[PDB]
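Only this structure's heavy atoms are used, side chains among them; waters, hydrogens and symmetry mates stay out. Each chain gets a letter, A, B and so on, in the order the sequences are listed, and its residues count up from 1.
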Amino acid sequence: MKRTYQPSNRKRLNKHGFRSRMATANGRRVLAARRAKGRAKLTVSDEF
Amino acid sequence: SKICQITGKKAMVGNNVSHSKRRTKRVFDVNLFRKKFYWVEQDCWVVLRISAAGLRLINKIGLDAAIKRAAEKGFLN
Amino acid sequence: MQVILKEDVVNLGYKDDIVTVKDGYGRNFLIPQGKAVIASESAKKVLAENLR
Amino acid sequence: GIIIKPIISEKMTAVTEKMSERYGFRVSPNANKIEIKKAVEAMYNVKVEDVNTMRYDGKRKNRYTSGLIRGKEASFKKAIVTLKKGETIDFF
Amino acid sequence: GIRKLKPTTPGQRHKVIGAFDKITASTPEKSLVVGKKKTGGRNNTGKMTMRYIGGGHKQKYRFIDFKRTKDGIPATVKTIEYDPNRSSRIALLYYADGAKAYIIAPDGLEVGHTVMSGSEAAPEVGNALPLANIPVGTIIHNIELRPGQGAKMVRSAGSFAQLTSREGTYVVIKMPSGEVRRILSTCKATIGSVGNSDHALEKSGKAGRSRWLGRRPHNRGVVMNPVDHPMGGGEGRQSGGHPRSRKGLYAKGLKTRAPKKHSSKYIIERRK
RNA sequence: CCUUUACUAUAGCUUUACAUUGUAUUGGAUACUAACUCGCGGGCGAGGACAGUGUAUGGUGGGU
RNA sequence: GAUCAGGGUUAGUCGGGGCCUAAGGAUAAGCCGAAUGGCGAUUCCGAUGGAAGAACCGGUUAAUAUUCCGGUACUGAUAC
RNA sequence: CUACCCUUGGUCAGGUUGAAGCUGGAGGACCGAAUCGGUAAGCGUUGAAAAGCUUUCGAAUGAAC
Ligand SMILES: [K+]
Ligand SMILES: [K+]
Ligand SMILES: [K+]
Ligand SMILES: [Mg+2]
Ligand SMILES: [Mg+2]
Ligand SMILES: [Mg+2]
Ligand SMILES: [Mg+2]
Ligand SMILES: [Mg+2]
Ligand SMILES: [Mg+2]
Ligand SMILES: [Mg+2]
Ligand SMILES: [Mg+2]
Ligand SMILES: [Mg+2]
Ligand SMILES: [Mg+2]
Ligand SMILES: [Mg+2]
Ligand SMILES: [Mg+2]
Ligand SMILES: [Mg+2]
Ligand SMILES: [Mg+2]
């Protein structure tokens, strides 16, 4: 059967990528929380 | 910006109060409108966004002194 | 609203005089045309002169 | 520092054994074909006639510890250089 | 002016379509058409504000000249064309100087006629004149509300209005709805009726034709749940109470014209 | 969570008063144009102290 | 198709990209709004579409092949 | 993922019938593969599968996929 995750690299970066996070105040708020935690992976732009 | 340019007046936050004393948040808005003015000293026209209270000051001390007073306190910018 | 009539005006008149009008009559008709000027102390002193 | 090292492999030795003017180097991954022709000609003093290129990403080398410590070798670019017919190069 | 289909299939049994007999050309003018984008009833925020809109055939928009400003320059009717954007037909005009335009096709206007606009133009079918220069009792369409703005009223297929009286700076006009109101005499109108009067005799025949026209199925309120509609709920079929909309607006006589609109000064008799 | 002629509120709609808001004739109407509003083209039209808006106020208000 | 090491992907034309615009997105002048901001062009971005620049058959390696070699073509720049 | 919508692309073996205008070739027309579904029965129920398989069945030029 068709499952929930059907990958598309173009969709992934448009929805969760680094440049989309930086485009809004609430996205930059997410980046600040992940930096303060010390995450090695900041966005999906890192795993690529 | 919904601010008067002569007085600086802006909306204030208050309550609606019913007869049972239920209190709900409300806004008291400014009687704010746009009006065109003839400026005798400069021989021109200007359009200001002022309250009815600002118009009262204009009609007491004159337009020219009102703009000078408004620019000192930082209302016209 | 106190104004200085710089011209002879229908009904209320006798130019160069102290007259009181409603704020709408002065701000919107007399001043924009140029038959009156607002009466401030800094303008009523310039009218205390008559030298006639 | 364009040229990193020549290529001495089984495939390249056979290629040279057929085309005597054909050699292959490892070069910086961000160098273009025009630059590479300049470097091989300014160091071996030859007439380069044609350059072909390919880009290799490095091989991943995932070890295990307490697991999945990823590793990777540096990426490189391969340049296959053809000299003017009648010229050679000696790596010794 | 219509064509009734024979009952070969249950979907064709009750279908009636137009004969397309007034049409003289098959394709539109290149300089007067542009591709037209579809809304699904969504506004600029992306939310669906109007239901039951969606799908249908791709359509190009045609530039219709509702102002008729080329006053004094004669024009000639070249072709009569199909237009998917409106219920009436349209006519292509070549002006004597090189301009081209589309106008709503009046009933009785045919290829090879000459049309004109202006105050010094003959009151003939397809001519645009100010109401001041239009005789009393005439049949007219494409009525301006303001001078210089452009035709707004009486434009649908088969529609017409009659100029009944003159009142100085205003005329009196009876509208298709039965309302009687005063119009400014410097406005403009076109003589005649709007054509394609047999457009109201068509029957789609099947649900599929509605979808070609861009309409989506419409659900009754009594077959929903109370959370979706005030008329919903109940064990078995229920009436749903007083007819009202999703926001609770009475649907059986509530008047919605603003009772202090200024145009009420010009409305002499009302039917709407 | 849902319903309503349960209670108490409330968005919205609607009434009047004050402000915006003036002038004549004869209060309350009629009339005007300069506040204010809309259209054309790049001033001319059409309205007009109404309308719209702020504050206060009565009514309505399972839409919430 | 596991562990370790070595090796292996070759383009003027192929597929992209460089050019163009759709839905939509970001904006300019402006408009709106406790703040954070919301809107807003003929502007820009954005292919799943349009390009007036152009290649096809065969053979060779353990692993590449309109890319290497053979044969036969085509398309831009540039100098005389 | 799913519901609906917008822009831009693609797909639908074979046979039959015979509307408007002997010819003609329409249709939310017929039979039937691909395909989209999911009628009935059997099986599975620490399953091969957190919804399937086999047989059977519906639609298959359209409100289609
Ligand atoms: K229904
Ligand atoms: K409800
Ligand atoms: K289904
Ligand atoms: Mg080559
Ligand atoms: Mg390459
Ligand atoms: Mg039900
Ligand atoms: Mg019952
Ligand atoms: Mg409740
Ligand atoms: Mg191995
Ligand atoms: Mg190409
Ligand atoms: Mg562009
Ligand atoms: Mg292979
Ligand atoms: Mg080949
Ligand atoms: Mg069928
Ligand atoms: Mg099948
Ligand atoms: Mg059937
Ligand atoms: Mg079938």
Of all the choices, [options], which nucleotide is nearest to the side chain of [X] once you look at every atom?
| X | options | result |
| --- | --- | --- |
| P147(E) | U20(F), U23(F), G45(F) | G45(F) |
| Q12(E) | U20(F), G28(H), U7(H) | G28(H) |
| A25(A) | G33(G), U36(G), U21(F) | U36(G) |
| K11(D) | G48(F), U64(G), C39(G) | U64(G) |
| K33(D) | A11(G), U8(H), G33(G) | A11(G) |
| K36(B) | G41(F), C36(F), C38(F) | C36(F) |
| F28(B) | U55(F), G37(G), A62(G) | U55(F) |
| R34(B) | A19(F), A20(H), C32(G) | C32(G) |
| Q149(E) | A19(F), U8(H), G39(F) | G39(F) |
| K6(E) | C6(H), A11(G), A20(H) | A20(H) |

Could you verify whether a donor N or O on one side chain and an acceptor N or O on the other, from [X] and [Y], lie under 3.5 Å apart?
| X | Y | answer |
| --- | --- | --- |
| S117(E) | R68(E) | no |
| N43(E) | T45(E) | yes |
| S263(E) | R181(E) | no |

For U15(F), the sugar region implied by its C1'-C2'-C3'-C4' torsion sign: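 With a positive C1'-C2'-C3'-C4' torsion, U15(F) is north.
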task: Measure the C1'-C2'-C3'-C4' torsion in the sugar of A24(F), then label it north if positive and south if negative.
output: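 North, since the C1'-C2'-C3'-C4' torsion of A24(F) has a positive sign.
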- prompt: Should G61(F) be called syn or anti, with syn set as within 90° of 0?
  reply: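 Anti conformation here, the glycosidic angle of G61(F) being more than 90° from 0.
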message: Going by the glycosidic torsion and a 90 degree boundary from 0, is the base of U26(F) oriented syn or anti?
response: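 Classified anti.
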query: What is the nucleic acid contact for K4(E), judged by heavy atoms within less than 4.0 Å: base, sugar-phosphate only, or nothing?
result: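 If one applies the 4.0 Å heavy-atom cut-off, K4(E) turns out to touch nothing in the nucleic acid.
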task: Could you check whether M1(A) gets within reach of a base, just the sugar-phosphate, or nothing at all, counting any heavy atom under 4.0 Å?
output: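 If one applies the 4.0 Å heavy-atom cut-off, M1(A) turns out to touch the sugar-phosphate alone, with no base involved.
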Sugar-phosphate or base contact per nucleotide [nucleotides 57-65 of chain H; S, B, -; heavy atom under 4.0 Å]: ------B--
Per-nucleotide protein contact string for nucleotides 1-14 of chain F, where B marks a base within reach and S marks sugar-phosphate only (heavy atoms under 4.0 Å, - for neither): -SS----SSS----
query: Does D29(B) or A52(B) map to a spot on RNA chain F nearer the 5' end, using the closest nucleotide for each?
result: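 First, find each residue's nearest nucleotide; the 5'-ward one identifies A52(B).
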First of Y170(E) and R26(B) reached from the 5' end of RNA chain F, by closest nucleotide: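 Between the two, 5'-proximity favours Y170(E).
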- prompt: Do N142(E) side-chain atoms and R155(E) backbone N/O form a donor-acceptor pair below 3.5 Å?
  reply: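 No, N142(E) side chain to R155(E) backbone: no donor-acceptor pair under 3.5 Å.
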query: How many Å lie between NZ on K2(A) and P on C36(H), as a whole number?
result: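 Rounded to the whole Å, the gap is 11 Å.
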task: Between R28(A) and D57(D), just flag the one whose closest nucleotide in RNA chain G comes earlier from the 5' side.
output: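 With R28(A) and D57(D) compared, the 5'-side residue is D57(D).
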message: In this structure, do the base rings of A41(G) and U42(G) stack on each other (centres less than 5.5 Å apart, planes differing by less than 30°)?
response: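 No, the criteria are not both met.
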message: Check for me whether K35(B) meets the cation-pi criterion with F37(B), that is, NZ or CZ under 6.0 Å from the six-membered ring centre and within 45 degrees of the ring axis.
response: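 Flagged: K35(B) positioned over aromatic ring of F37(B).
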task: State whether the aromatic ring of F29(C) stacks on the base of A34(F), taking stacking to mean ring centres under 5.5 Å apart and ring planes under 30° to each other.
output: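 Aromatic stack with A34(F) present for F29(C).
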message: Under a 3.5 Å cut-off for both contacts, is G39(F) paired Watson-Crick or G-U wobble with anything, and if yes, with which nucleotide?
response: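 Looking at the geometry, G39(F) pairs with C44(F).
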